[PDB]
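Throughout, read-outs are computed from the coordinates displayed, never taken from laboratory work. All Cβ positions, even for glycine, are placed from backbone atoms using ideal geometry, and neighbour counts span all protein chains on display.
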Amino acid sequence: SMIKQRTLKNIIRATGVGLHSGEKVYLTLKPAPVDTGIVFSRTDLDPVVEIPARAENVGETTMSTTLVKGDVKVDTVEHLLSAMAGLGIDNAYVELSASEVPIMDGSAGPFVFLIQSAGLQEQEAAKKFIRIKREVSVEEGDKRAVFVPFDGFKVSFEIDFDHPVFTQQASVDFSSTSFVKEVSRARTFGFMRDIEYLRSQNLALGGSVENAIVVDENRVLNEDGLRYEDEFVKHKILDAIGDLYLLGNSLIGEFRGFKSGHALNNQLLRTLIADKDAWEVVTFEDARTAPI
Ligand SMILES: O=C(NC[C@H]1C[C@@H](NC(=O)[C@@H]2C[C@H](F)CN2)CN1C(=O)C1CC1)c1ccc(C#Cc2ccccc2)s1
Ligand SMILES: [Zn+2]
């Protein structure tokens, strides 16, 4: 009854556009061996450049989570890493034909469908977990991000936009609530005045109502509206779960964020890793007694 590492049963292919680059990209997800982790692979380059999805490999953290190795980058990993986390995938190669993961519909839903379509393969090695033993918190200005010990996995998040479209708080316990049903479909979002400024700096080149909630001063411009009453904060949870997967093992504990984002989330990851008294690596001989 040991909790085992998981990979894909089959290879998966998909096509899309990078949210920032607007470049067409071909994505392939491939099974990987035990103790590989998630590894991104720029197959458009010669020689091929591979970047393990790990906190040490994170570059700038402005408008997405970016992996960097020399002057090669992989942009906007957070939603695909979220999907991997949501289905418990430990080992996979992610092949990209360009610098950015495709945005798809703005959510992790297409990725969770692609992975489940491929099927999961249990491997003959114990899954390793990071268990939080001490509260670890980082703050900067009005923003805060925390890990608290918790016998399971759960994410709480609160946002605070002074905007007519604004609930700005949600908490999900992933042992009793489905990531697939409650979080995976939550789409990225953009305010018209940010979008106007990002374009002018050659960012959000791939953005559209097909892949993002577009908000003007008053309302969602998307014809078919929101998927969740609380879609915005549910998307922040989705982002956080992706960033958390850069720890390189699944977490037993609780993440709380207040106005947090990639920059402060990464600060928290680095602070947790640095304080070895605050965590331990653990395995489970028996899924029937385990905290998740
Ligand atoms: O601004 C964006 N994202 C950042 C937002 C979404 C959230 N971040 C995330 O989802 C992270 C970071 C990437 F967006 C994915 N993962 C948190 N957050 C913010 O806090 C904004 C308010 C400062 C945009 C997303 C799509 C845009 C467009 C567009 C567009 C539409 C029509 C035509 C032309 C172009 S702009
Ligand atoms: Zn996002």
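Once you list every other residue whose beta carbon is under 12 Å from the beta carbon of residue 125, what net charge do they have if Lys and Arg are +1 and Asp and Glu are -1? Before the final figure, lay out the partial values.
Values: positive: 4, 6, 127, 128; negative: 35, 90, 122, 124.
That sum, taken over residues with Cβ under 12 Å, equals 0.
Excluding residue 201 itself, what net charge comes from residues whose Cβ is under 15 Å from its Cβ, given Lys and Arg +1 and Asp and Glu -1? Net of charged neighbours comes to -2. Within segment 129-292, DSSP assigns beta bridges of which about 60% are antiparallel (rounded to the nearest 5). For segment 197-207, 3J(HN,Hα) computed residue by residue from phi via the Karplus equation (6.51, -1.76, 1.60; θ = phi - 60°) reads 6, 4, 3, 4, 10, 6, 10, 6, 5, x, x Hz, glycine and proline entered as x. Over the chain, dividing the summed -39,500 (n - 2.57) contributions of all DSSP H runs of at least 4 residues by the number of residues returns a 222 nm mean residue ellipticity of -6000 deg cm²/dmol. Put simply, when 126-134, 269-277, 248-256 are sorted by average Cβ atoms within 10 angstrom per residue, most first, you get 248-256, 126-134, 269-277.
Taking K and R as +1 and D and E as -1, what net charge do the other residues with C-beta under 13 Å from the C-beta of residue 275 add up to? Intermediate results must be reported in sequence, preceding the final value.
Numbers: positive: 133, 134, 270, 276; negative: 135, 277, 280.
Surrounding charge for residue 275 is +1.
The trypsin sites (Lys or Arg not before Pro) found in segment 1-101 that occupy coil by DSSP, while having at most 16 further C-beta atoms within 10 Å, are 9.
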